[PDB]
$ cat start.cif   # mmCIF, C-alpha atoms
data_model
#
loop_
_atom_site.label_atom_id
_atom_site.label_comp_id
_atom_site.auth_asym_id
_atom_site.auth_seq_id
_atom_site.Cartn_x
_atom_site.Cartn_y
_atom_site.Cartn_z
CA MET A 1 -22.57 -7.83 -8.83
CA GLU A 2 -26.11 -7.32 -10.24
CA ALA A 3 -28.60 -4.46 -10.86
CA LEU A 4 -32.26 -4.10 -12.00
CA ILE A 5 -30.89 -3.16 -15.49
CA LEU A 6 -27.68 -5.26 -15.46
CA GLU A 7 -28.81 -5.78 -19.10
CA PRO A 8 -31.26 -3.49 -21.05
CA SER A 9 -34.10 -6.09 -20.72
CA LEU A 10 -36.59 -3.12 -20.74
CA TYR A 11 -37.16 0.19 -22.61
CA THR A 12 -37.47 3.80 -21.38
CA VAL A 13 -40.44 4.00 -23.80
CA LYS A 14 -42.33 0.93 -25.03
CA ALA A 15 -44.49 3.15 -27.32
CA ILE A 16 -45.55 6.72 -28.28
CA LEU A 17 -49.14 7.40 -29.46
CA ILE A 18 -50.92 10.52 -30.71
CA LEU A 19 -54.69 10.27 -31.13
CA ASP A 20 -57.36 12.73 -32.23
CA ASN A 21 -59.97 13.69 -29.57
CA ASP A 22 -62.26 10.74 -30.58
CA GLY A 23 -59.33 8.25 -30.57
CA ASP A 24 -58.27 8.14 -34.27
CA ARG A 25 -54.59 7.09 -34.67
CA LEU A 26 -52.91 10.25 -36.02
CA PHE A 27 -49.52 8.71 -35.13
CA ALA A 28 -48.18 5.69 -33.23
CA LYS A 29 -44.80 3.95 -32.82
CA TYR A 30 -43.92 0.87 -30.74
CA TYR A 31 -40.53 -0.57 -29.67
CA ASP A 32 -41.68 -3.52 -27.50
CA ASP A 33 -42.97 -7.09 -28.04
CA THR A 34 -46.29 -6.45 -26.17
CA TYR A 35 -47.95 -4.75 -29.23
CA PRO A 36 -45.82 -5.23 -32.43
CA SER A 37 -48.84 -5.70 -34.79
CA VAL A 38 -51.65 -3.32 -35.88
CA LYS A 39 -54.62 -5.27 -34.42
CA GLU A 40 -53.05 -5.52 -30.94
CA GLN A 41 -51.84 -1.89 -31.17
CA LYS A 42 -55.44 -0.70 -31.87
CA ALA A 43 -56.59 -2.79 -28.89
CA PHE A 44 -53.97 -1.17 -26.62
CA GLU A 45 -54.87 2.28 -28.07
CA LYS A 46 -58.57 1.82 -27.20
CA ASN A 47 -57.46 0.67 -23.71
CA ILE A 48 -55.25 3.82 -23.48
CA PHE A 49 -58.12 6.13 -24.53
CA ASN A 50 -60.66 4.53 -22.12
CA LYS A 51 -58.17 4.62 -19.21
CA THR A 52 -57.30 8.33 -19.78
CA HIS A 53 -60.36 10.40 -20.89
CA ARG A 54 -61.87 9.25 -17.50
CA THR A 55 -58.78 10.09 -15.35
CA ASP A 56 -57.00 13.14 -13.82
CA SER A 57 -54.76 13.79 -16.82
CA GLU A 58 -50.94 14.03 -16.81
CA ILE A 59 -50.14 10.34 -16.04
CA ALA A 60 -51.80 6.92 -15.56
CA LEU A 61 -50.71 3.30 -14.90
CA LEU A 62 -52.47 0.66 -17.03
CA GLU A 63 -51.85 -2.98 -18.04
CA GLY A 64 -48.77 -2.81 -15.70
CA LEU A 65 -47.25 0.10 -17.76
CA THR A 66 -46.80 3.75 -16.82
CA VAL A 67 -48.07 6.26 -19.40
CA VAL A 68 -47.83 10.06 -19.38
CA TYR A 69 -50.33 12.02 -21.47
CA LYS A 70 -51.49 15.51 -22.48
CA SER A 71 -54.42 16.95 -24.48
CA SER A 72 -54.93 20.15 -26.53
CA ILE A 73 -58.01 21.38 -28.52
CA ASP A 74 -58.70 18.28 -30.75
CA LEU A 75 -55.60 16.22 -29.88
CA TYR A 76 -54.32 13.78 -27.21
CA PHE A 77 -50.61 12.89 -26.83
CA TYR A 78 -49.21 9.80 -24.99
CA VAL A 79 -45.85 8.21 -24.11
CA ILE A 80 -45.87 4.66 -22.65
CA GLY A 81 -42.94 2.90 -20.98
CA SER A 82 -41.64 0.63 -18.26
CA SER A 83 -42.25 1.27 -14.52
CA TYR A 84 -38.88 0.13 -13.05
CA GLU A 85 -38.13 3.16 -10.78
CA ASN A 86 -39.33 6.38 -12.56
CA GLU A 87 -41.74 8.15 -14.90
CA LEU A 88 -39.50 11.25 -15.38
CA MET A 89 -38.10 9.74 -18.62
CA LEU A 90 -41.70 9.51 -19.90
CA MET A 91 -42.24 13.17 -18.89
CA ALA A 92 -38.94 13.99 -20.70
CA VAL A 93 -39.98 12.32 -23.99
CA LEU A 94 -43.51 13.84 -23.83
CA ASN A 95 -42.15 17.37 -23.19
CA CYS A 96 -39.48 16.96 -25.91
CA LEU A 97 -42.14 15.72 -28.41
CA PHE A 98 -44.78 18.39 -27.64
CA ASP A 99 -42.26 21.28 -27.72
CA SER A 100 -40.43 20.06 -30.88
CA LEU A 101 -43.86 19.83 -32.58
CA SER A 102 -44.53 23.38 -31.34
CA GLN A 103 -41.35 24.62 -33.12
CA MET A 104 -41.74 22.80 -36.48
CA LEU A 105 -45.52 23.37 -36.75
CA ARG A 106 -45.25 26.96 -35.34
CA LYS A 107 -48.97 26.47 -34.56
CA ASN A 108 -51.08 25.32 -31.56
CA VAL A 109 -50.13 21.67 -32.40
CA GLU A 110 -53.83 21.06 -33.24
CA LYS A 111 -55.10 18.18 -35.47
CA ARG A 112 -54.62 19.88 -38.86
CA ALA A 113 -51.22 21.28 -37.78
CA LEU A 114 -50.03 17.71 -37.00
CA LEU A 115 -51.57 16.33 -40.22
CA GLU A 116 -49.66 18.98 -42.22
CA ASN A 117 -46.35 17.99 -40.49
CA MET A 118 -46.56 14.16 -40.08
CA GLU A 119 -43.07 13.77 -41.64
CA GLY A 120 -41.57 16.36 -39.25
CA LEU A 121 -43.25 14.53 -36.34
CA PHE A 122 -41.86 11.13 -37.51
CA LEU A 123 -38.34 12.60 -37.83
CA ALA A 124 -38.58 14.28 -34.39
CA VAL A 125 -39.48 10.90 -32.82
CA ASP A 126 -36.45 9.44 -34.74
CA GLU A 127 -34.24 11.90 -32.72
CA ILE A 128 -36.01 11.93 -29.30
CA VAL A 129 -35.70 8.10 -29.05
CA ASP A 130 -34.11 5.09 -30.79
CA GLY A 131 -35.09 1.43 -30.20
CA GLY A 132 -37.29 2.47 -27.21
CA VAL A 133 -34.34 4.21 -25.45
CA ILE A 134 -34.02 8.01 -25.01
CA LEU A 135 -31.58 9.46 -27.57
CA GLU A 136 -32.06 13.25 -27.16
CA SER A 137 -33.83 15.34 -24.47
CA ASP A 138 -33.72 18.92 -25.90
CA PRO A 139 -36.64 19.82 -28.21
CA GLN A 140 -35.07 22.66 -30.22
CA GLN A 141 -31.97 20.45 -30.84
CA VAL A 142 -34.29 17.69 -32.13
CA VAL A 143 -35.89 20.41 -34.34
CA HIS A 144 -32.43 21.52 -35.63
CA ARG A 145 -31.68 17.90 -36.69
CA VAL A 146 -35.13 17.49 -38.33
CA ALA A 147 -34.71 20.82 -40.16
CA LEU A 148 -31.14 19.88 -41.25
CA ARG A 149 -32.23 16.45 -42.61
#
$ encode --input "start.cif" --output "structure tokens"
Amino acid sequence: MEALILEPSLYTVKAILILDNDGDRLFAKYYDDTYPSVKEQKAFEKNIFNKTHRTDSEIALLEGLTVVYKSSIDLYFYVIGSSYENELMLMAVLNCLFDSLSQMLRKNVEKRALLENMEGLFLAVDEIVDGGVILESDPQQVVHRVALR
């Protein structure tokens, strides 16, 4: 007996990034050995930005990794993961993140609204995922846990 994930040798998300419209790192988190250090993360982030502001936004596939992404006003939002059989988990994390932000910020999740709520954002990520694996997939439940912390 074997399977493609007979062991968790991969992650549903390898990273989550949130960049301002020019590419400034508002937030980033990584769970995978490809980019564990700031210099290589900034390199991957500039790759991400180049590969996406020139593409038909919602998803891309870059450096062998699927990434889903979204943009609003002065903000770009990204979730990066493995490409084993699906991208729906990436869509799940991105939707959970954007909507949980929308509840805590109670704003258009624009640049200043994120900057004002960085801690809430960090704590939402700490409930959406753990160790690069999905942990919760309901945004208002994530928000309840962040609010209750």
$ resolve_selection --input "start.cif" --expression "the PyMOL selection byres ((chain A and resi 41-48) around 10)" --output "VMD selection string"
chain A and resid 15 17 to 19 23 to 25 28 to 30 34 to 40 49 to 53 60 to 63 67 69 78 80
$ atom_distance --input "start.cif" --atom1 "atom CA of residue 123 of chain A" --atom2 "atom CA of residue 64 of chain A"
28.9 Å
$ atom_distance --input "start.cif" --atom1 "atom CA of residue 73 of chain A" --atom2 "atom CA of residue 110 of chain A"
6.3 Å
$ resolve_selection --input "start.cif" --expression "the PyMOL selection byres ((chain A and resi 146) around 10)" --output "MDAnalysis selection string"
chainID A and resid 100 104 119:127 140:145 147:149
$ atom_distance --input "start.cif" --atom1 "atom CA of residue 96 of chain A" --atom2 "atom CA of residue 129 of chain A"
10.1 Å
$ closest_residue --input "start.cif" --among "A:131, A:139, A:82, A:116" --to "residue 103 of chain A" --atoms "all atoms listed in the file"
A:139
$ closest_residue --input "start.cif" --among "A:115, A:97, A:91, A:79" --to "residue 31 of chain A" --atoms "only C-alpha atoms"
A:79
$ residues_around --input "start.cif" --residues "residue 114 of chain A" --least-positions-apart "5" --cutoff "8 Å" --atoms "only C-alpha atoms" --output "list in words"
residues 101, 105, 109 and 121 of chain A
$ closest_residue --input "start.cif" --among "A:133, A:99, A:138, A:77" --to "residue 9 of chain A" --atoms "all atoms listed in the file"
A:133
$ axis_aligned_box --input "start.cif" --around "segment 77-80 of chain A" --padding-each-side "5 Å" --output "JSON"
{"center_x": -48.2, "center_y": 8.8, "center_z": -24.7, "size_x": 14.8, "size_y": 18.2, "size_z": 14.2}
$ resolve_selection --input "start.cif" --expression "the PyMOL selection byres ((chain A and resi 3-7) around 12)" --output "ChimeraX atom specification"
/A:1-2,8-12,82-85
$ closest_residue --input "start.cif" --among "A:118, A:81, A:74, A:108" --to "residue 32 of chain A" --atoms "all atoms listed in the file"
A:81
$ closest_residue --input "start.cif" --among "A:75, A:88, A:113, A:13" --to "residue 59 of chain A" --atoms "all atoms listed in the file"
A:88
$ closest_residue --input "start.cif" --among "A:57, A:66, A:137, A:86" --to "residue 98 of chain A" --atoms "all atoms listed in the file"
A:137
